[PDB]
Amino acid sequence: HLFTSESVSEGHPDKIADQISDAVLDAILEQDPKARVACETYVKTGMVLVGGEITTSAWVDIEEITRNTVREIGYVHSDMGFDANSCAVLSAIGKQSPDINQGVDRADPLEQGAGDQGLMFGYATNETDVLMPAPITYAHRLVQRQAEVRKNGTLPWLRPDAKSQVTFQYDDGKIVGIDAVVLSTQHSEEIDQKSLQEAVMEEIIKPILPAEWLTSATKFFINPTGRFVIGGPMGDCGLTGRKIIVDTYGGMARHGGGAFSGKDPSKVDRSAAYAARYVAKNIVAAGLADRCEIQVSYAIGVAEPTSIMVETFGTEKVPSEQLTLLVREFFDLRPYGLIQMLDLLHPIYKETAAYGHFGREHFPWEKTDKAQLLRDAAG
Amino acid sequence: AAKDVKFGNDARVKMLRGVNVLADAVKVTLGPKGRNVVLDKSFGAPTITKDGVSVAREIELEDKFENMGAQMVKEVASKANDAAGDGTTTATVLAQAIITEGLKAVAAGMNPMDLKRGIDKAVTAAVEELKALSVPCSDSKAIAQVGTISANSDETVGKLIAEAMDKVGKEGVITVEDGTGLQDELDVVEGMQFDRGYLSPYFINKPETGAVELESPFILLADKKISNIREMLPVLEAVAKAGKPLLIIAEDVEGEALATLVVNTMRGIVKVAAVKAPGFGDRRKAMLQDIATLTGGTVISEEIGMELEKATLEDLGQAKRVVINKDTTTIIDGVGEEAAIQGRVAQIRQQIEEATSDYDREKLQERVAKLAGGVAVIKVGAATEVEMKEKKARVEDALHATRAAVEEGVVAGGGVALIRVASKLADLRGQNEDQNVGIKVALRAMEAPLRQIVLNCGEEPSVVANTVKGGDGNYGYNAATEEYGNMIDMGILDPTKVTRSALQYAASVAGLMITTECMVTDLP
Amino acid sequence: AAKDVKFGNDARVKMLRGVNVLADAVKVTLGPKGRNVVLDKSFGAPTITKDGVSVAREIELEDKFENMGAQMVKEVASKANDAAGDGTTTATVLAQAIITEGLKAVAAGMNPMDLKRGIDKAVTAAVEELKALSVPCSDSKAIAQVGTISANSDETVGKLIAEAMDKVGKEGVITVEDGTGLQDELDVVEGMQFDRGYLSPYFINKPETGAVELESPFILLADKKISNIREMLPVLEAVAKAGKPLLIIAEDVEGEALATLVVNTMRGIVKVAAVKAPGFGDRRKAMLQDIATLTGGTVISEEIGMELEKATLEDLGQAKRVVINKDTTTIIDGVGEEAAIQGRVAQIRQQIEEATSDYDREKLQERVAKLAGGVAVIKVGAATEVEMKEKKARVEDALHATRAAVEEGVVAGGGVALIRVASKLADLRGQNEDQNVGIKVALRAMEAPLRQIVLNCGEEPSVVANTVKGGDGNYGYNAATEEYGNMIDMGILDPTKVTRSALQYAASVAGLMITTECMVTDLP
Amino acid sequence: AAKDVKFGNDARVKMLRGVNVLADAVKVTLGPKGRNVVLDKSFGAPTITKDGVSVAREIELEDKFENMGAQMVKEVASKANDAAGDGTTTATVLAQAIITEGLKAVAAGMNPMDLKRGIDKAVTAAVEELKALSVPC
Ligand SMILES: Nc1ncnc2c1ncn2[C@@H]1O[C@H](COP(=O)(O)OP(=O)(O)O)[C@@H](O)[C@H]1O
Ligand SMILES: Nc1ncnc2c1ncn2[C@@H]1O[C@H](COP(=O)(O)OP(=O)(O)O)[C@@H](O)[C@H]1O
Ligand code: BEF
Ligand code: BEF
Ligand code: BEF
Ligand SMILES: [K+]
Ligand SMILES: [K+]
Ligand SMILES: [K+]
Ligand SMILES: [Mg+2]
Ligand SMILES: [Mg+2]
């Protein structure tokens, strides 16, 4: 079947807002090991707004973090209508919470209860080496390539705003080729249109997509309307958490819709999804299945998870009862237990803000160290 | 998902209905008196076209089996476009005629295999008959006539294409881009040039034209980035000891070397110019090697263990003149050895074959033309964008037709060559009766294009076809003048390759499409 | 998605219905008696407008075929607005009339291609006839009359534009901007001015205007960013002994350097001011070189190989006065050589004719006007926002019409020039009967605008058109006063460029739309 | 969520209908001359099985009360599978017969608890009788 996945670059206002929220979270976590963070960001033309509820014993000024973060993308000029230093950032964050002494008492951290009700999902397939759906993975790699080239200085007239669309066809459930590649990017006005598409296809499209998957039927689309000079926060409204589907899987996996950016690890809306991906990746790397998903359910005010379900699409080499048995006795699905074994309480959420929360080997939740043990047990 | 299965005559009727819908959509644009088709596009204004392939690429139907038939027929036009560039409407008409007659024969109670074998045998004989009928096309008059006929009887574009082809030659590239004026203009480039200009505005010694001209200069080729002058002290001092200028072709030179270069040029010690290396990636090194071969010099690459410090006059090429402006750099009359030129063009020509994308074929053909030959561009002119697209499509069709006619030859146009072939193949026979029936089907359906051409003019196709069959040789019918005469004398020429490809693809698709027994598709 | 295909008369009827809907929406705003059209806007309040292109840009129908017809017609108005900036309703009316008569002829049984050829031939003859009829427009009275006519008969805006064009000169820039008061205001700038102000608020010495006022100062031009004071000592000491002030133009100066400059200005050692270099990129350097040429100085650039410590009093320019505000800086009576200025503007204009983009040219004419001439801003005054928008649109239309009239010339307005041209071509003939029919169609459709104007006035168009056609020369009908007379005497002037563009674009679109046979679009 | 409550004979007849559906599905695979049952699978090909537990694990009814009855009886087959490995169909047949006769007795106007006591006593005696009848193998 024909399926399309779309990815966006770091220069987009929503991605800018997501990067700001995660940058603050890392700064707060570095200063406060056990802080509570629930933040949101809004960006518009020349005005930047931040809000939410963050309860911590330390203080951080948001101005220097925002200027440092925005400068990283490359908004250091007024030509696109947004400059790092000329802009203004205001704070609308309540730094204190009434419940700081009433609930300070704790009985046992190992028996902490879930603060939200809902069910979360994971996903992993052996189609790619990174154990991820191909169309979303290659879409992220394309915009990642554009930023690396832009930062390298070989292509100085490129702009942070960029969007890519990749189309994949499946024959009998396997990848047989690439159909259409679209890369929408903003460029400077000095370079004409004809020279623009030549540089992008030969240095971004060519050395990223596999050569053996490209046939004569592949169609390359660059700048459909013909002029993408207009861009930045001026051309679109900016807010936090609107394309969670793009960040997680691109639509190939059912998702709960919970926002990721700007949330502390304490909330299960973010960390429990990370553990589900970690479990799903581990259970598929051992070769027990071709594809697998983990359905973990939690209830607000309830410690023990209500139900854990595993579905395989009939590709399992062992009965599903064995699959469920292994995850229960080898993975600690406790809301605090998964925190300790995934050691997420470190300032590592800045890089996760852009280019997808999943699909990178260096992430703690993307390790496959437990794959070998499960293969021996199920074998 | 669930599937729906239809057996026999029902599936055949649905398939024929889809084929008829697509063919009736396409057929209205055939001949000199055909009409245009408006294509709806959600992203902007509708596009009006007369191309058969453009109409066929857009048609799909609500019903599943009719959609099957339409999609199966679409490949005839698609392959005719990809192979020859013309004959898409003729191929579609021939395929429809084969399908109709073959379905009638199958409904008469005959097995499809024998009909398909007979059709294949008849087409195999017809290809050789067409090859026998062909005549070479060498003079510019015939090329102009072919270009005129291929562009809806537009003499200006045919004459322009003939003149451009004569100027460029046989080993060259002609391309069409949309212009800005109200009338078409032709621009030809002699020698080689690349879209790279001078780095700094202080190099121009002739401000009247805004371009710098170097007489008998050197050429220095480098692939490494330049930020310090220390690596060019020997070469610059050596060429300043001689006096005649030097040119630097590097991928990029930073401002530190620009400062010393410009101050040396201004102070009147050594006259140098700098241009960036054109292109990017492996193509950049390939064209750098091409420049090295043509200018009689040697490239300097760091990765091959060659350093610029040890370079001398033997590693620098020569040229008669060099003209550099804000956007282009031209090397005039290089002093390279010829056999290297033939070797390089042969290497690129043989590398063309293994390329799978026509974009790479275009790039390597452009490289061959740049290294040897000339390059010409045709800037079509129209007042409105829609007319711009229409004229551009017509000019591209004329270019393809002229190229094919030069490659293989021309035959009498108006659909009379196929009639002559069918009349000469009247004694073909097969193994059994059904093969003979298939041969008769093919021979009878070879007459479709002329009948459709006459029908588009509003006359009676039967009497015109009967009159044409009574003649011999190149006798035919002129649809523009509504009178008979010698097709060659009146200038109605058709390439042999286009007719052969259209016949082959139409027969190949229709023979398989006839044999269908049942269809399997998803439920609505 | 599944498509819908309609053939022949049904498609033509749907297309004509869409064309009629759009043309009826647009044509109610033609002439001096034309009324307004209100366009709904989702964000904000709807806008009262009288422009043909503004109304045409919004129309889109529910039915797919009529929508395609409307989208094809809309390009006439779009192109007419983009090319000349005026005369879009006339183009739409002409296109509708040509389409109607061509569809009638096609339904009568004629060949669409020959009709299109005849239309093109007639329009080609009409263009040269119009070029023959044109007369020059140079005096200020004719420019004022053109501006008055093009602005819905408003004397004040015409007089304002005439006097602004007289004051600025022949090569200048005039723009419109929202005003504050209830009356129009013209602001003309003398000298050179760039949109950049003082860096530090402590240079101000005249709080009466909140600005600095330097009398006969030196101008220091440095391309590089100034971050250390060490390079500043030599030229600062040199200018300290002279006693005259000094101004610094650099890309950016850090506050460490500003501190000592502010201290020196306070203590009265040197009267210095610092402003940023306007622009960014190559244009920044180009117009800073233009500043150096105007002021008679030399740019101290690191790229050329010249250092700031070695600067002397010869490298500093001079001017009569320099005024810097919070946002603007003006150089009054820059001392320089006239021949150098003429050479620079000659170089800039010869770059101008090589500009292939509209956006890349206006900056070039702005630079030309900045070096030689001046710029003007016209402020429109209105109590309410909607009235402000409508008045600004009318003023822009008048400005474009005056520019076109000065560029090419004027002809008698009111739609009588087209009538005279059509009366001159009464003997034009084609190659066959169909081309003659097309020529007659074009000639008869050339009289639509006058009939539409008279119909909008509320009279019988037929008798007025018959009376006008019975005269000769500039005889016409005055729609405002409802009386016949000499068009030039009454001051009803239309530029030749807008009439020619409207006719050409209307014919180019209508002739192509005539030859449609079938239309394919998505299902509802 | 809102609940539905049924009292007495209606609940009992719904339960018996569910039990009868499950038992009729299962018991056609008993003995040397019993036939097979085709079980549909969402991902893959249908499986043909003669097991009692395999058929019982897939029976889920539309009505809620009959579904409750079927789920209650499925425990017999599940426990017989997990305990000895055989005797699933025989256990299901015995459970259905006991349920039917006990429901008839209850509808006759008898105390269900004492019927449960009598059934337990009879089965306790029968286990000892079976132990006495056993022969070494
Ligand atoms: N003046 C003419 N008289 C008779 N036949 C013509 C004349 N001009 C063109 N033809 C024939 O009509 C055909 C035109 O086909 P065309 O509409 O270009 O579709 P395609 O070339 O895509 O198949 C040509 O094959 C040519 O032989
Ligand atoms: N007082 C007048 N008497 C007769 N004709 C006039 C008079 N004023 C304007 N006209 C004509 O009416 C036309 C006005 O067109 P207008 O409504 O401005 O639309 P557009 O300029 O966009 O075509 C002009 O072409 C002009 O020739
Ligand atoms: F319609 Be074909 F491409 F000439
Ligand atoms: F309607 Be036009 F722009 F005067
Ligand atoms: F029915 Be049992 F599994 F033999
Ligand atoms: K055609
Ligand atoms: K108007
Ligand atoms: K059994
Ligand atoms: Mg053709
Ligand atoms: Mg007007």
# chains A, B, ... in the order shown; residues from 1 in each chain; ligands from 1

call {"tool": "select_by_dssp", "arguments": {"residues": "range 63-172 of chain A", "states": "alpha helix (DSSP H)", "output": "JSON list (two decimals) with N, CA, C and O atoms, in the first residue's frame"}}
result
[["chain", "number", "residue", "atom", "x", "y", "z"],
["A", 63, "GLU", "N", 15.28, 34.06, 30.50],
["A", 63, "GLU", "CA", 15.74, 34.91, 29.40],
["A", 63, "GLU", "C", 17.00, 34.35, 28.76],
["A", 63, "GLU", "O", 17.06, 34.19, 27.53],
["A", 64, "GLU", "N", 18.02, 34.04, 29.56],
["A", 64, "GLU", "CA", 19.29, 33.59, 28.99],
["A", 64, "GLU", "C", 19.15, 32.22, 28.33],
["A", 64, "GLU", "O", 19.86, 31.93, 27.35],
["A", 65, "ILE", "N", 18.27, 31.37, 28.85],
["A", 65, "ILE", "CA", 18.04, 30.07, 28.23],
["A", 65, "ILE", "C", 17.39, 30.24, 26.86],
["A", 65, "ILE", "O", 17.76, 29.57, 25.89],
["A", 66, "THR", "N", 16.39, 31.13, 26.76],
["A", 66, "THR", "CA", 15.69, 31.32, 25.50],
["A", 66, "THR", "C", 16.62, 31.89, 24.43],
["A", 66, "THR", "O", 16.61, 31.43, 23.28],
["A", 67, "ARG", "N", 17.43, 32.89, 24.79],
["A", 67, "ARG", "CA", 18.36, 33.46, 23.81],
["A", 67, "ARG", "C", 19.38, 32.43, 23.36],
["A", 67, "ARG", "O", 19.70, 32.34, 22.17],
["A", 68, "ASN", "N", 19.90, 31.63, 24.30],
["A", 68, "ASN", "CA", 20.85, 30.59, 23.94],
["A", 68, "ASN", "C", 20.20, 29.53, 23.06],
["A", 68, "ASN", "O", 20.81, 29.06, 22.08],
["A", 69, "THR", "N", 18.97, 29.13, 23.38],
["A", 69, "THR", "CA", 18.31, 28.09, 22.60],
["A", 69, "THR", "C", 17.96, 28.57, 21.20],
["A", 69, "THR", "O", 18.23, 27.88, 20.21],
["A", 70, "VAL", "N", 17.36, 29.76, 21.09],
["A", 70, "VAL", "CA", 16.96, 30.28, 19.79],
["A", 70, "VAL", "C", 18.18, 30.49, 18.89],
["A", 70, "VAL", "O", 18.13, 30.22, 17.69],
["A", 71, "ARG", "N", 19.28, 30.96, 19.47],
["A", 71, "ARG", "CA", 20.50, 31.16, 18.70],
["A", 71, "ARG", "C", 21.01, 29.84, 18.12],
["A", 71, "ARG", "O", 21.66, 29.82, 17.07],
["A", 72, "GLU", "N", 20.72, 28.72, 18.79],
["A", 72, "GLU", "CA", 21.19, 27.43, 18.31],
["A", 72, "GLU", "C", 20.59, 27.07, 16.96],
["A", 72, "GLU", "O", 21.29, 26.56, 16.08],
["A", 73, "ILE", "N", 19.29, 27.33, 16.77],
["A", 73, "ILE", "CA", 18.66, 27.06, 15.48],
["A", 73, "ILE", "C", 19.27, 27.93, 14.39],
["A", 73, "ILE", "O", 19.56, 27.46, 13.29],
["A", 134, "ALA", "N", 9.97, 2.83, 8.45],
["A", 134, "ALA", "CA", 10.88, 3.47, 7.51],
["A", 134, "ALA", "C", 10.45, 4.87, 7.09],
["A", 134, "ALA", "O", 11.30, 5.78, 7.13],
["A", 135, "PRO", "N", 9.21, 5.12, 6.66],
["A", 135, "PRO", "CA", 8.89, 6.46, 6.12],
["A", 135, "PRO", "C", 9.12, 7.59, 7.11],
["A", 135, "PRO", "O", 9.61, 8.66, 6.72],
["A", 136, "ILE", "N", 8.79, 7.39, 8.39],
["A", 136, "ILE", "CA", 9.03, 8.43, 9.38],
["A", 136, "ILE", "C", 10.53, 8.57, 9.66],
["A", 136, "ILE", "O", 11.04, 9.68, 9.85],
["A", 137, "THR", "N", 11.25, 7.44, 9.70],
["A", 137, "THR", "CA", 12.67, 7.48, 10.01],
["A", 137, "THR", "C", 13.45, 8.25, 8.95],
["A", 137, "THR", "O", 14.30, 9.09, 9.28],
["A", 138, "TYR", "N", 13.17, 7.98, 7.67],
["A", 138, "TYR", "CA", 13.91, 8.66, 6.61],
["A", 138, "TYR", "C", 13.48, 10.11, 6.47],
["A", 138, "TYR", "O", 14.27, 10.95, 6.02],
["A", 139, "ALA", "N", 12.23, 10.43, 6.83],
["A", 139, "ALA", "CA", 11.80, 11.82, 6.83],
["A", 139, "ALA", "C", 12.57, 12.63, 7.87],
["A", 139, "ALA", "O", 12.96, 13.78, 7.62],
["A", 140, "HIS", "N", 12.78, 12.05, 9.06],
["A", 140, "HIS", "CA", 13.59, 12.72, 10.07],
["A", 140, "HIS", "C", 15.04, 12.86, 9.62],
["A", 140, "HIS", "O", 15.68, 13.88, 9.89],
["A", 141, "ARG", "N", 15.57, 11.84, 8.95],
["A", 141, "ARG", "CA", 16.96, 11.88, 8.52],
["A", 141, "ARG", "C", 17.19, 12.96, 7.47],
["A", 141, "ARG", "O", 18.27, 13.56, 7.41],
["A", 142, "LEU", "N", 16.19, 13.21, 6.62],
["A", 142, "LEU", "CA", 16.35, 14.20, 5.56],
["A", 142, "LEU", "C", 16.49, 15.61, 6.14],
["A", 142, "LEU", "O", 17.41, 16.35, 5.78],
["A", 143, "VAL", "N", 15.58, 15.99, 7.04],
["A", 143, "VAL", "CA", 15.67, 17.31, 7.65],
["A", 143, "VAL", "C", 16.87, 17.40, 8.58],
["A", 143, "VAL", "O", 17.45, 18.48, 8.75],
["A", 144, "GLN", "N", 17.27, 16.28, 9.19],
["A", 144, "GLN", "CA", 18.51, 16.27, 9.96],
["A", 144, "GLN", "C", 19.72, 16.54, 9.07],
["A", 144, "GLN", "O", 20.64, 17.26, 9.47],
["A", 145, "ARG", "N", 19.72, 15.97, 7.86],
["A", 145, "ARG", "CA", 20.80, 16.23, 6.92],
["A", 145, "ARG", "C", 20.85, 17.70, 6.52],
["A", 145, "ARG", "O", 21.93, 18.28, 6.40],
["A", 146, "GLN", "N", 19.68, 18.31, 6.32],
["A", 146, "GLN", "CA", 19.63, 19.72, 5.94],
["A", 146, "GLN", "C", 20.24, 20.61, 7.01],
["A", 146, "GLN", "O", 20.99, 21.55, 6.71],
["A", 147, "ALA", "N", 19.91, 20.35, 8.28],
["A", 147, "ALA", "CA", 20.46, 21.15, 9.37],
["A", 147, "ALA", "C", 21.97, 20.99, 9.47],
["A", 147, "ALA", "O", 22.70, 21.96, 9.69],
["A", 148, "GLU", "N", 22.46, 19.75, 9.32],
["A", 148, "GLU", "CA", 23.90, 19.51, 9.41],
["A", 148, "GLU", "C", 24.64, 20.24, 8.29],
["A", 148, "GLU", "O", 25.71, 20.81, 8.52],
["A", 149, "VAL", "N", 24.09, 20.21, 7.07],
["A", 149, "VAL", "CA", 24.70, 20.95, 5.97],
["A", 149, "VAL", "C", 24.63, 22.45, 6.22],
["A", 149, "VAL", "O", 25.59, 23.18, 5.96],
["A", 150, "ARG", "N", 23.49, 22.93, 6.72],
["A", 150, "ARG", "CA", 23.34, 24.35, 7.00],
["A", 150, "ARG", "C", 24.32, 24.81, 8.07],
["A", 150, "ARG", "O", 24.92, 25.89, 7.96],
["A", 151, "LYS", "N", 24.50, 24.01, 9.12],
["A", 151, "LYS", "CA", 25.46, 24.36, 10.17],
["A", 151, "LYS", "C", 26.89, 24.27, 9.68],
["A", 151, "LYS", "O", 27.75, 25.04, 10.12],
["A", 152, "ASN", "N", 27.18, 23.34, 8.76],
["A", 152, "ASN", "CA", 28.54, 23.17, 8.26],
["A", 152, "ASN", "C", 29.02, 24.37, 7.46],
["A", 152, "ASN", "O", 30.23, 24.56, 7.31]]

call {"tool": "interface_residues", "arguments": {"of": "chain B", "to": "chain C", "cutoff": "7 Å", "atoms": "only C-alpha atoms", "output": "list in words"}}
result
residues 35, 36, 37, 38, 39, 40, 45, 46, 59, 60, 61, 62, 255, 259, 262, 263, 383 and 384 of chain B

call {"tool": "residues_near_ligand", "arguments": {"ligand": "ligand 10", "cutoff": "10 Å", "atoms": "only C-alpha atoms and all ligand atoms", "output": "compact mmCIF listing (two decimals) with N, CA and C atoms, in the first residue's frame"}}
result
# COMPACT_ATOMS: atom_id res chain seq x y z
N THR C 29 -18.57 47.44 -12.03
CA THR C 29 -17.70 48.49 -11.52
C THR C 29 -16.91 49.15 -12.64
N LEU C 30 -17.56 49.41 -13.77
CA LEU C 30 -16.90 49.98 -14.94
C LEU C 30 -17.45 51.37 -15.23
N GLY C 31 -16.55 52.31 -15.51
CA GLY C 31 -16.93 53.65 -15.86
C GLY C 31 -17.01 54.57 -14.66
N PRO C 32 -17.39 55.83 -14.89
CA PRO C 32 -17.58 56.76 -13.76
C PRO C 32 -18.85 56.50 -12.98
N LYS C 50 -13.68 48.56 -5.54
CA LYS C 50 -14.13 48.82 -6.90
C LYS C 50 -13.14 48.32 -7.95
N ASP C 51 -12.13 47.55 -7.55
CA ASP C 51 -11.17 47.03 -8.51
C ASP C 51 -11.69 45.75 -9.15
N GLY C 52 -11.45 45.61 -10.45
CA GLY C 52 -11.86 44.40 -11.14
C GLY C 52 -11.08 43.18 -10.68
N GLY C 85 -0.93 47.36 -14.11
CA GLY C 85 -1.47 47.88 -12.88
C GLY C 85 -2.83 48.54 -13.00
N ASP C 86 -3.39 48.60 -14.21
CA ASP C 86 -4.68 49.24 -14.43
C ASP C 86 -5.32 48.63 -15.67
N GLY C 87 -6.64 48.76 -15.76
CA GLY C 87 -7.37 48.26 -16.91
C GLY C 87 -7.62 46.77 -16.88
N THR C 88 -8.23 46.29 -15.80
CA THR C 88 -8.56 44.88 -15.64
C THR C 88 -10.03 44.58 -15.93
N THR C 89 -10.94 45.47 -15.55
CA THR C 89 -12.35 45.29 -15.87
C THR C 89 -12.57 45.31 -17.38
N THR C 90 -11.86 46.20 -18.09
CA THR C 90 -11.96 46.23 -19.54
C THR C 90 -11.46 44.93 -20.15
N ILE C 149 -8.70 61.04 -14.18
CA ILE C 149 -9.58 60.05 -14.80
C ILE C 149 -9.39 58.68 -14.16
N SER C 150 -8.14 58.29 -13.89
CA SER C 150 -7.86 56.96 -13.36
C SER C 150 -8.27 56.80 -11.90
N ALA C 151 -8.63 57.88 -11.22
CA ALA C 151 -8.99 57.83 -9.80
C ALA C 151 -10.46 58.17 -9.59
N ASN C 152 -11.32 57.66 -10.47
CA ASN C 152 -12.77 57.87 -10.38
C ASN C 152 -13.12 59.35 -10.35
N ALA C 393 -6.39 52.50 -2.67
CA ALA C 393 -6.46 51.74 -3.92
C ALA C 393 -6.62 52.67 -5.12
N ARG C 394 -7.49 53.68 -4.99
CA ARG C 394 -7.68 54.62 -6.10
C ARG C 394 -6.41 55.41 -6.39
N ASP C 397 -3.96 53.18 -8.22
CA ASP C 397 -4.37 53.04 -9.61
C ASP C 397 -4.00 54.28 -10.42
N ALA C 398 -4.24 55.47 -9.86
CA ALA C 398 -3.90 56.70 -10.55
C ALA C 398 -2.39 56.82 -10.76
N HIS C 400 -0.19 54.32 -11.06
CA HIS C 400 0.21 53.39 -12.12
C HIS C 400 -0.21 53.91 -13.49
N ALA C 401 -1.41 54.47 -13.59
CA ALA C 401 -1.87 55.00 -14.87
C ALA C 401 -1.00 56.16 -15.34
N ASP C 494 -6.68 57.92 -21.74
CA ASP C 494 -6.31 56.58 -21.33
C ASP C 494 -4.94 56.24 -21.90
N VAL C 498 -2.11 50.31 -21.22
CA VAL C 498 -3.15 49.55 -20.55
C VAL C 498 -4.15 48.99 -21.56

call {"tool": "residues_around", "arguments": {"residues": "residue 39 in chain D", "least_positions_apart": "3", "cutoff": "8 Å", "atoms": "only C-alpha atoms", "output": "PDB file with C-alpha atoms, in the first residue's frame"}}
result
ATOM      1  CA  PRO D  46      -8.375 -21.407  10.419  1.00  0.00           C
ATOM      2  CA  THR D  47      -7.393 -24.196  12.798  1.00  0.00           C
ATOM      3  CA  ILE D  48      -9.183 -27.555  12.896  1.00  0.00           C
ATOM      4  CA  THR D  49      -9.173 -28.994  16.417  1.00  0.00           C
ATOM      5  CA  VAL D  55     -13.149 -24.990  21.406  1.00  0.00           C
ATOM      6  CA  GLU D  58     -13.128 -19.236  21.947  1.00  0.00           C
TER       7      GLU D  58
END

call {"tool": "residues_around", "arguments": {"residues": "range 225-229 of chain B", "least_positions_apart": "2", "cutoff": "9 Å", "atoms": "only C-alpha atoms", "output": "MDAnalysis selection string"}}
result
chainID B and resid 222:223 231:233 250:258 260:261

call {"tool": "write_last_selection", "arguments": {"atoms": "N, CA, C and O atoms", "output": "CSV table (one decimal), in the first residue's frame"}}
result
chain,number,residue,atom,x,y,z
B,222,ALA,N,41.9,23.1,-8.8
B,222,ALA,CA,42.1,22.7,-7.5
B,222,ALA,C,40.7,22.3,-6.9
B,222,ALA,O,39.7,22.9,-7.2
B,223,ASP,N,40.7,21.2,-6.1
B,223,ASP,CA,39.5,20.8,-5.5
B,223,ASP,C,39.4,21.1,-4.0
B,223,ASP,O,38.3,21.0,-3.4
B,231,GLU,N,50.2,28.2,-0.3
B,231,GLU,CA,50.3,27.1,-1.2
B,231,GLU,C,50.5,27.6,-2.7
B,231,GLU,O,50.8,26.7,-3.5
B,232,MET,N,50.2,28.8,-3.0
B,232,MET,CA,50.3,29.3,-4.4
B,232,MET,C,51.5,30.3,-4.6
B,232,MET,O,51.5,30.9,-5.7
B,233,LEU,N,52.4,30.5,-3.6
B,233,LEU,CA,53.5,31.4,-3.9
B,233,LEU,C,54.3,30.9,-5.1
B,233,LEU,O,54.7,31.7,-6.0
B,250,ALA,N,38.8,26.8,-8.4
B,250,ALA,CA,38.8,26.0,-7.1
B,250,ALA,C,37.3,26.0,-6.6
B,250,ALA,O,36.5,26.8,-7.0
B,251,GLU,N,37.1,25.0,-5.7
B,251,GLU,CA,35.7,24.9,-5.1
B,251,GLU,C,35.3,26.1,-4.3
B,251,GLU,O,34.1,26.5,-4.3
B,252,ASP,N,36.3,26.7,-3.6
B,252,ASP,CA,36.0,27.9,-2.9
B,252,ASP,C,37.3,28.5,-2.4
B,252,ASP,O,38.3,27.8,-2.1
B,253,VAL,N,37.4,29.9,-2.4
B,253,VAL,CA,38.6,30.6,-1.9
B,253,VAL,C,38.1,31.6,-0.9
B,253,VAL,O,37.3,32.4,-1.2
B,254,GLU,N,38.7,31.6,0.3
B,254,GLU,CA,38.3,32.5,1.3
B,254,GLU,C,39.0,33.9,1.2
B,254,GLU,O,39.9,34.1,0.4
B,255,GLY,N,38.5,34.8,2.0
B,255,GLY,CA,38.8,36.2,1.8
B,255,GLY,C,40.3,36.5,2.0
B,255,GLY,O,40.8,37.5,1.5
B,256,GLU,N,41.0,35.7,2.8
B,256,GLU,CA,42.4,36.0,3.0
B,256,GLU,C,43.2,35.9,1.8
B,256,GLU,O,44.1,36.7,1.5
B,257,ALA,N,43.0,34.9,0.9
B,257,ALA,CA,43.6,34.8,-0.4
B,257,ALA,C,43.0,35.8,-1.4
B,257,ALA,O,43.8,36.3,-2.2
B,258,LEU,N,41.7,36.2,-1.3
B,258,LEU,CA,41.2,37.2,-2.1
B,258,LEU,C,41.8,38.5,-1.9
B,258,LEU,O,42.1,39.3,-2.9
B,260,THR,N,45.1,39.3,-1.1
B,260,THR,CA,46.3,39.3,-1.8
B,260,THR,C,46.1,39.3,-3.3
B,260,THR,O,46.8,40.0,-4.0
B,261,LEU,N,45.2,38.5,-3.7
B,261,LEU,CA,45.0,38.4,-5.2
B,261,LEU,C,44.5,39.7,-5.8
B,261,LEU,O,45.0,40.2,-6.8

call {"tool": "interface_residues", "arguments": {"of": "chain A", "to": "chain D", "cutoff": "9 Å", "atoms": "only C-alpha atoms", "output": "list in words"}}
result
residues 313, 314 and 315 of chain A
